[PDB]
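This report refers to the structure that appears directly beneath it.
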Amino acid sequence: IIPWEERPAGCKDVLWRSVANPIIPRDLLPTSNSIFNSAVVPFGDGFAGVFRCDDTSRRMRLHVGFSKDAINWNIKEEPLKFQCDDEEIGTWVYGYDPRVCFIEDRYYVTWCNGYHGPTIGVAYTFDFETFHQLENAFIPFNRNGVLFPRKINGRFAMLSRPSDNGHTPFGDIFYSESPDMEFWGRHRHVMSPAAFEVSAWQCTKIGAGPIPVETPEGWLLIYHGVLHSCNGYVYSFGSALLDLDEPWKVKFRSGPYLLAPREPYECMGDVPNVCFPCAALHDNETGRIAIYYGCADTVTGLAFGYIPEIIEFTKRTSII
Amino acid sequence: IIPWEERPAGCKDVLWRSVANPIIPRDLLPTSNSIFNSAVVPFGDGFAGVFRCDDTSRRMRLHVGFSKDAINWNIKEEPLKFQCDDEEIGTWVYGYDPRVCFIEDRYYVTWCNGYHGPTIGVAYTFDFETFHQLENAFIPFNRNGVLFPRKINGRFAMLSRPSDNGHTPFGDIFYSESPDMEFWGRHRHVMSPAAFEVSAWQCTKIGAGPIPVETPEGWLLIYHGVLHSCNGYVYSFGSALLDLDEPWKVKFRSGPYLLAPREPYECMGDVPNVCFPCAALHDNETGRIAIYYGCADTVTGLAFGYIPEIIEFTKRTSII
Amino acid sequence: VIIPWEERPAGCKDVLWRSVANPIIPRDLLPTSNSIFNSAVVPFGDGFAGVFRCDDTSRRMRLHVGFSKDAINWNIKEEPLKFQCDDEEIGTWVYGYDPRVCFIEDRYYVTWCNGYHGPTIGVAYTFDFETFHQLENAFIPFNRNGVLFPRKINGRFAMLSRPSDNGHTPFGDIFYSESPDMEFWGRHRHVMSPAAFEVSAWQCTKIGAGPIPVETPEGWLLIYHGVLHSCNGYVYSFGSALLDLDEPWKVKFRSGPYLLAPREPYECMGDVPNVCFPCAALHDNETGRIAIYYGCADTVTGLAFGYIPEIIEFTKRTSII
Amino acid sequence: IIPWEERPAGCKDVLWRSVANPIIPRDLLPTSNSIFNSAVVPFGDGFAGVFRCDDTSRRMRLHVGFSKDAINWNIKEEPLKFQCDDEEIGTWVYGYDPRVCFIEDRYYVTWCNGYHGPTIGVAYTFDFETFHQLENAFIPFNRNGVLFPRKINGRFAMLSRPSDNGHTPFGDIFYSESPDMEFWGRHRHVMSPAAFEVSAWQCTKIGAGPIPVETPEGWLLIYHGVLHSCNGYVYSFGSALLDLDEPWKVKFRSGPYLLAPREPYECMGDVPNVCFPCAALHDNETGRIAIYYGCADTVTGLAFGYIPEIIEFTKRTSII
Amino acid sequence: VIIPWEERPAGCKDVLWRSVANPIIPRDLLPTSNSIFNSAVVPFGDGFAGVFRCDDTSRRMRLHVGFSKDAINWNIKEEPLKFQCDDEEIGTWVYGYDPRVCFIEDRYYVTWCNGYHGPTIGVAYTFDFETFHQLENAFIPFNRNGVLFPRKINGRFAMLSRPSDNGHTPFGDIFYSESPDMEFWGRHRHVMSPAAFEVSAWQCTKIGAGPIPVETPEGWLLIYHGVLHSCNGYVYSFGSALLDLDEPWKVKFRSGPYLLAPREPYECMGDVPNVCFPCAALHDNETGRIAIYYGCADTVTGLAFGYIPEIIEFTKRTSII
Amino acid sequence: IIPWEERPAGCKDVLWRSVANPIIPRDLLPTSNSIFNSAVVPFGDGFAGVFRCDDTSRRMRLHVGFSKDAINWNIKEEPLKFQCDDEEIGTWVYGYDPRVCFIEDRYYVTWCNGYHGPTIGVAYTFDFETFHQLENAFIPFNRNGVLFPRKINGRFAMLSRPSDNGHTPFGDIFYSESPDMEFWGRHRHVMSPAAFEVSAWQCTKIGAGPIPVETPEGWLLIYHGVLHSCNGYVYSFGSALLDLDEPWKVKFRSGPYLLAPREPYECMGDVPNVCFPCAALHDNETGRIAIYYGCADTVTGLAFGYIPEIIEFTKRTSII
Ligand SMILES: OC[C@H]1O[C@@H](O)[C@@H](O)[C@@H](O)[C@@H]1O
Ligand SMILES: OC[C@H]1O[C@@H](O)[C@@H](O)[C@@H](O)[C@@H]1O
Ligand SMILES: OC[C@H]1O[C@@H](O)[C@@H](O)[C@@H](O)[C@@H]1O
Ligand SMILES: OC[C@H]1O[C@@H](O)[C@@H](O)[C@@H](O)[C@@H]1O
Ligand SMILES: OC[C@H]1O[C@@H](O)[C@@H](O)[C@@H](O)[C@@H]1O
Ligand SMILES: OC[C@H]1O[C@@H](O)[C@@H](O)[C@@H](O)[C@@H]1O
Ligand SMILES: [K+]
Ligand SMILES: [K+]
Ligand SMILES: [K+]
Ligand SMILES: [K+]
Ligand SMILES: [K+]
Ligand SMILES: [K+]
Ligand SMILES: [K+]
Ligand SMILES: [K+]
C-alpha cells in the first residue's frame, strides 16, 4: 500500500506536497551531506530503494535503503558496491541520480555513472543485497537514464538525455531499445525543450524523472524541466503521455508544471530552486500516485496525486 | 489618498518597507505563479494598474487590476488584450514590466513587448477597459521603457534601456522624444552604471523604475542597479535627480541604495535577491511617496518615504 | 554616367565576377592609412565621389572623402571628414565606420556606424561633397548597417538597419524604419533573420544590408552580407534578396546560395581574414549592368560585376522563400 | 594500383605531400564551394568514393565519385540519396565527414548525420550506385565514426568520438561493438587528448581519421588532433597502434605529428590551418600507404609514407 | 588570554560546532553597514582587537578597526581605517577586503586584498590598532587570500597567497612566499591545488587560506576555504590541512571532508548565499581549544568551536594525501 | 657591428623590414616546427642568443644559438637545459619567449617558465654554454618578463605582465626591483592598454618586447599591443619612453604602431597576424637599431630604424 495523504481542503492542484516534507533529512547517515534524487520500489512486505547520498567530502555515492511505510527510511551507512566481472566497467569513479524498476524477473538500477564522463550505468539485483553491474548502456555524455517497467514489443527500452561534460545548457529526451541489456539501438528523439513563449518552465532542458507509469491512455511520463533565469536554473516538473507501442511518440504534453520550487526546503539548500523527481509508487485500483523528488539537491520530498487527474490535466493543457 | 505607514520608531532609513509585505501574493489568480514588477496609478475614486502575472506555464502576461486602497488588488483573471489596427504590431508574443502614467488627457502604458525580441510596446487607455496599441517606440533590443508624466518642451518623452536578447550583462539609461507618439528621436544618453569602486550596487547595469516624479529642482528618478556577485545578480534601487528641461542631464545620483534585498520575500523565490521598483504613488502636499517593487520576481511589496528626504539624501550622498 | 565594367570571363558561369584589377584600392593609399575598405560610392558631376572608411596606423576608424573619374582609380583626401553640427552633444566625434551614401530628392545623404555611447547610425547630408551637415543619430545604440533607400517610400524617408550589441555581435536581423523629417524614426518592421544553417549556412549567424537598395520593376534589389561561424571565426559572404516595392520589409525572394564569398588572397588574408563586405554599387538601368564595391579582409577594396536581370533570375530560382 | 610518389631527395619526413596537391579542387562541381573530407576505396578495376562537397549555399552533402587512378576524380553532380524503409531515420538534414570500407560482403559508409544533432549515420552499398541506410549507430552527440574493415572476434566494431552540438572544445576516441550493425555496446575509451606539455598538437581534442589499417603488430590508427591557439584551432594528424584483438588498448602513440598545416592550401581557405585525414589506400606487399586529407576545409590533398616506417616512428616517439 | 568557548553539544559528533549565538556580528552594526564578514581578530592588551571588512550601503569595501573584551561582543569604529604611507602611489586607496591579522615578533601585521590596478595583497603594521603604517604591496596583481605566518620561518617572514584574476576567479592554488624584510618577496612555492572532484568536491574549483596558520607539534594547522561549482553558483566550505613545520609549502595531510559547510539560514541566505568563509581563529594550546570566525553568506559573522587535537586527528584520518 | 640595411629611397616609415625576411626559417632544426620570439645579444666577436623553438610535438623549448653577423644563425639542435641547486625550481615543464641581457658581470636570461602555470623564470650565464637557474621572479601568472640592462639605483629591475592561465584577454605592463636577483618588490604599474577610440592596435593587452634601450631622454621601450577582431588577435608593436630614474613613469607613448602584420610570413602561419618583438641590437654612435620579431609564431624577421627618429615619432604622436 502506497504512502498517501488526502488532498487538502480547498486545494485545487493536481499534485499536493506531503505535510511531512522533507521525508528524508540531509543528515540521516553519519557522513551524509545530502540525500536526494533517489529511487524507490515495492519489495517484500515493504519498500526498497537506491539513494543518492552525497557525503561530507561532496562525493556522490549510492546507498541501499529499506522501509516498511515508504516514508521512514533505513539507509545503509556503507555505499553500495557493484559486482562486475569486467574490471574496466567495474571501476567506480562516481554515481548519481539512480532510477530502479522491476522488469520481468529482477530489479534493474540505472544511474549516472562516471566512465570518462557521465554515462548510464546499468545493474540488476534479485534481493537488494548483491548488485551485478552490466555494460554502460551508452557512450558519454548522457544522464537521466530511465527504464520502462516491461519490455516494449519484446525489447528492453530506456529513456535518456544526451548531455555534455558540465552543467549542461540544453537537453532533449531520447528513447532506445535493447534485446539483451548489453547492446542498445533504434535511438529515437522523444521531445525537446518547449519554446519559452509557450512553456518557459521547460525551455532550457528536460529529462525523464520517475519510471514511466503504464496507463490505458499511454505511458505517463513525469519529467523535469529547466528555466534559465539571470541567477541560474529553476527545476520544475510536469507530465506527458507517450504512445504505448512506440513510446518515442508523444501524444500529449503539459503546458503548466505539476510542481515548482516554492517551499523553503525546495528554495534553499546546496542548489536552490530545485524539484527533481526520481521515483513514484502508484496503485491502479485507487488511482493514487506518490512522487519522490529531490529538493534543493539537499533532502527528499513527497507529493501525491491521482493518475486519472494527472492524465486529464496533461491532455486538457497539452501544448501539442 | 495614498497608502501609507509611518516611519518605524527609531528608523533612520530614508525608505522603509511595509510591515505587511508582500502586499500582492504570488497566487492571487487561479493560474498565477508570480505577480511582480507592476504598474499602479490613481484612477477615479481609487486605483488602477497593469500587472505582470507570470502563469504556471511561465508565460508572461499583463492583467488589469483595480483597487480601492492601492493595497488589496482585484486583478482580472483574463490577460489584457490590446486593440491595434496594424496586424503585424498587434501580434502578441509576450509582455512584461509595464509602467503606466497619465499624460495630459489619457493613460499611457509601456511594457517590454516581444517583436523579434524585446522592445518597448506602447498603448493608451482612458478607462482601463479598452487599450489602443501604438507603434513600438524603438527597434529591439530595449527594455525599461518609462514615460515622463507630461510633455517636455511640447514633446512626449521616454526613458529606455538598450539591451540584448539574453540576460543582458550591461545597461545604460537613455532618453528620447516624440512629437506624436509614433516617431521617436533626439536620443540622449542619461547615465551608465557606476564604477564598482564607487558604487557597486549599480555597477553592472541600471534601468529606470517608476514614472519620473516632478520636483521644483528636477525629476526624481528611482532606478534599479545590478551588482554581479559570484552567485548572480543582486538588484537594488536608488535615486537620482535629472534636469527639468533636459532630463538626460543628471544633477545628483545616490551613492548608497535606497533599498536592497534583505527580507526572505526579497531573497528567496523564483529569482533570488531582487528588489525591482516599477511604480510609485505620491502626494506633493505631504511629500509622501509609496513605491511598489517586485520581490524575488515572485511577489510585490511596498516601501514608503518622503520626497524631500529622498532628495536631500540623493544630493548629500551624490557620486556626481 | 559611365559605370565601370568588365565583361564576364569567357567560360564563366557565375552571376557575379571579380574585376581582374582587384584590389582596386590599396591599403596604403594615404600616408597614414592602415586599410581602406567598407566604403561608399556614387555618381557626382562628370565622375564619381565617395566616403571611404580609412583606418589609420593608430587603428582609429575615420571617414575620408574621395573623387574619381572612372570609379576605379580614387583620389582620397588625406585629412578625415569632419561634420558640421549645431548640437555639440551629437556633433562630438568618437569614431565612425562603414559609410553608405545616396542621393535623396535634393542632396546626398551619408549614414555610418557612429559612436555615441556605443555603435549607432549616424546621419548627415551634403550638397557638394565638401561640406557635410550632421543630423540626429537615427536610433538608439546598439545598431549598425544603416542603409537608406534612394527615394521616399510613400512620402517618408526609409532606412534599413541592424540591431547589434557592443562587441563582435553574434546575432543580427535586418530591420526597416521610416521618418517624415530625417529626425524622428518609427514604424519599425522586421525584414529578415539569419537562415537556418541546414538551409543556407553562409547567412546563418547574422546578416546586414550592404549597398543602397536598387529599385527594379520586380522590387528592391537588396545586396546583403551574411556570416557563417566556423571553429576559427566568421566568414562574411554576400548575396541577394528582392523586397516589395511599397512595403520593403516584405521579402519576396531570398537567395539560397551566396553571390560572392572570400576566395582570393586579398579576401582571405589581411587584417580580418575571410571577409567580403559589400558597401556600395553603381548600376545602369539601360544596360542592366551593376558594379558592386566590397571590403576585402578589412584591408582593401574590390569590385565585382554582374547583370541585374541575371541577379534577379538567380534570386528567384534559388529562393529559400 | 595505389597512387604513389617516392620520398623527395633529402627528405627525412615519415610522410610527404604529393607535389600535385591539391588533388581535388574546390570547384569541381558546378555548385561546389569545397570538397574536403573524403572517403576512398579500391572498387572494380579502379577506385570509388563518397565525398563531402559543401555547396555554394554552404550545405553539407555527400556525393559519389569514381577514378581510374585515385587522383583525378569524377564526382557525381547530384548529392547522394539514401534508401531507407524507416521514414524517421531516413530524413535528410545534413551530412559530412564520410568514411567507407568493405566488410565481409559489402561496402559500409558512416558519416556525421544530422538526427537532432550530430550522430553517426550508417549505410551500405554493393555497387556504389544505390545506398541503403541503417540505424544511426549512436545517440547524439557523436562524430568521427570509423568502422574496422573486418569483424573483431565476430562483432562489427567502430571508433567514434563523443562531442557536443557546437564547435566541440573536447574529444576522446571511443570504441564500440555490434553483433548485427543495428545494436551497439561494449563501449570502451581508447584515448584522450594529450597534456599540452607533452604533445600540444593533440591536446584539445582528437578523432579517428581513415579506416584502421591491419598490421601484424596491431591496428595502425591515423587520427587528427587539435591545438587551440589564441586565433583558432589548428588540426594536425598523427599515428597510434592499437592492440589487434582489443583495439581500445593503445600500444603506442606518437609524440610528434605526422603532418601539420604548412602549405598555402592548408593555411588559407574556408577554415585556416586544417589537415584532416579522411581515408587511406595501402599495399601490404610494398608497405606503401597514401593518406587523403582535407586542407583548410576547402580542397583534398594526398600524403605518402611507408607503413613499417610509420610504425617504427610511432614506437620510438611513443608518449605511452 | 581567555578565548570564547562553548562545549560541544550532547552527542554531537562533529569536529567543529557552531556557536549557539550565531551570528555574533550583525550586518547593521554601523549606521551605514550593509554587511560585516570575512574579518580578522587577535588578542590585544587585556581583550581583543580586529580589522573588519564592513561593506557599506554603496557596496564599497572598507576596513574598520574593532575592539572587544570577550571576542564575541564587538565595538567597531564607524569610520573606515586609513593607512599612513610613505609613498603616495602605494598609499592611494581604491578598495580593501578580506583582512588577516597576526602578531609577528614586535608588532601586529595586517594583510588585505588591496586594489592596485587589480587585486593584490596589501601589507601594513600597527602597535596600537589606531595608527597603521602601510608597506609595499607584497605581490603584483592578481592575488588575494594573503595570510602571514605568526613568526619567521628560518629567519624570514612567510606568507600564503592565492594567485587570481581580475573577476570571479574560477581557479585557485595556494602558494607560499618569503621575505627577509617585509619589502621584497620571493622563493615562491606551490602549496596545493584544488582537489579532483571525484575525490573531494567541496574544494575542487578553487581554494584559499583562511585564518593565520596555527603552530602544532604535528605541523602548521591550515584552515582554508574550498569552492564547489554547482549549476546555480559557488558553495564555499572550509577544511583543514597540516603543513611541514620547517618547509610549510610541503603538505603533509589534507582533509577529505569539510569541517563546515553552509547549512544554517544565515549561511544560506543573504548577499551571497551558501558561503562559509573563515578569516581568523583564536586558540589556547593548553586546553586545545580553538575558536574560528567565518563570514556567513557575505552578510554576517559567525563563530565555530573545536579542539586542535581532534582537528589534527580528523585531518590525518581522512587525508587525501 | 650590428646588422643593417639602409632605409629604401622614398620610404617614409620609421621602421622598415629586412629584405631577407624571414631570417630564421621554421625548419632550421631537424625537429623544429617553428622558431620565433627570440633573444639576441653581442657576444665575443659575434652574437649569441636564446631561441624559442617549438618542436614537431608542439612542445616549447629554448635553444642556444650563435652567429657571426646576427642574421645567419647556428642554433643547437638540442634544447637548453639549466643547472639548478633546487630540484623544485629546477624541474622543466615548458618555456617560451626568452629575453637576454648583460648586467654588470654576466648574461641574464628570463623566459616564461611553467611552474604551476606561467611565470617568469630567471637564469644567468657567463659563456652561453652553462646556464644557472635562479628563483622564479614572481608567482604565476606572469609573462613578458624583461630586465633592464643595468641596475636602477642599485637594484636589478624588471618589466613584467600579469596574466592568467589561458589566452589572456587583458594585460598591463608592470615594473619591479630586486636587491639580489632573488626577492622582488616595489611593484609599480607602468601602463595599461589604450582605449580603442584612441589607439586600437594596443587596446586589448600590451607587453614589453626587447630589453629596454637607454637614451638621454629615457628608456626606449618597444612593446607589443593586441587588437581583438571578430577573427582573433592582431599583434603589432610600437614605442614608448620611460623616465630614466623611475622607469614606471611614462613620458611618451606612441599612438601609431611601428610595425603591424602585412607580409605573407607575418599573416600566414601557425598563428596568423603576429609581429612579436623579442630583441634588439643597437649602436649609439650611429643611432642604428635592429629589432628581432616573431612572425605569425612561425619564423623570425628583422626590422631596422634610427633611435633618434623613433624617439621623435614617439614624442610627436604621443597619446600622453
Ligand atoms: O543541480 C541540479 C541538478 O543538476 C543536474 O545535473 C541533475 O541531473 C541533478 O542531479 C541535479 O538535481
Ligand atoms: O529577473 C530579474 C529581472 O530581470 C530583467 O530581465 C528585468 O527587466 C526584470 O523583468 C527582472 O525583475
Ligand atoms: O570585421 C568584419 C566586419 O565586422 C563588422 O563589425 C562589420 O560591420 C564590418 O565593419 C567588418 O567588415
Ligand atoms: O572546421 C574544421 C573541422 O571541424 C570539425 O567539425 C571536423 O569534424 C571537420 O568536419 C572539419 O574539418
Ligand atoms: O563572495 C564569496 C567570496 O568571494 C571571494 O571574492 C572571496 O575572497 C571572498 O571575499 C568572498 O566571501
Ligand atoms: O600567439 C601569440 C602570442 O601569444 C602570447 O602568449 C605571447 O606571449 C607569444 O608567445 C605569442 O606570440
Ligand atoms: K517524438
Ligand atoms: K548624461
Ligand atoms: K516569476
Ligand atoms: K518581413
Ligand atoms: K584505452
Ligand atoms: K568549406
Ligand atoms: K607542495
Ligand atoms: K605610470
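Both counts, for ligands and for their atoms, begin at 1 and track the order of listing. Chain letters run A, B, ... following the sequence lines, proteins first, then strands; residues in each count from 1.
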For [atom], what is the closest protein heavy atom, and at what distance to 0.1 Å?
atom	value
atom 10 (O) of ligand 5	E:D98 OD2, 2.4 Å
atom 3 (C) of ligand 5	E:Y236 OH, 3.4 Å
atom 6 (O) of ligand 2	B:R143 NE, 3.8 Å

Expected output: side-chain [X] to main-chain [Y] donor-acceptor under 3.5 Å:
X	Y	value
E:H225	E:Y236	no
E:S164	E:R162	yes
B:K205	B:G225	no
E:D55	E:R59	no

Sub-4.0 Å heavy-atom approach of E:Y234 to ligand 5: no
Side chain, backbone, both or neither: E:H168 near ligand 5, heavy atoms under 4.0 Å: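 Neither part.
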Per-residue contact class, E:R162 against ligand 5 - non-hydrogen pairs under 4.0 Å: neither
Do the rings of [X] and [Y] sit parallel, tilted or perpendicular, given the 30° and 60° boundaries?
X	Y	value
A:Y257	A:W201	perpendicular
A:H228	B:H167	perpendicular
B:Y94	A:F196	tilted

For B:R52, the ligand 2 atoms whose distance to one of its heavy atoms is below 4.0 Å: 10 (O)
E:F277 neighbourhood, listing ligand 5 atoms whose heavy-atom distance to it stays under 4.0 Å: 7 (C), 8 (O), 9 (C), 12 (O)
Numbered atoms and elements of ligand 5 in range of E:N38, under 4.0 angstrom, heavy atoms: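 So the atoms of ligand 5 that pass are 9 (C), 10 (O), 11 (C), 12 (O).
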Contact (N/O only, under 3.5 Å) between B:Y96 and ligand 2: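 There is no such contact.
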Best match, E:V275, E:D298, E:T169, E:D271: closest heavy atom to atom 12 (O) of ligand 5: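 When every heavy atom of E:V275, E:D298, E:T169, E:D271 is considered, E:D298 comes closest to atom 12 (O) of ligand 5.
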B:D270: its N/O/S atom lying closest to the K ion (ligand 9) (atom name): OD2
B:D297 near the K ion (ligand 9): N/O/S under 3.4 Å: yes
N/O/S atom of B:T298 inside 3.4 Å of the K ion (ligand 9), strictly under: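 No.
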is_close_aromatic(E:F238, E:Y294), centroid dist under 6.0 Å: yes
Between B:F170 and C:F142, ring centroids under 6.0 Å: yes
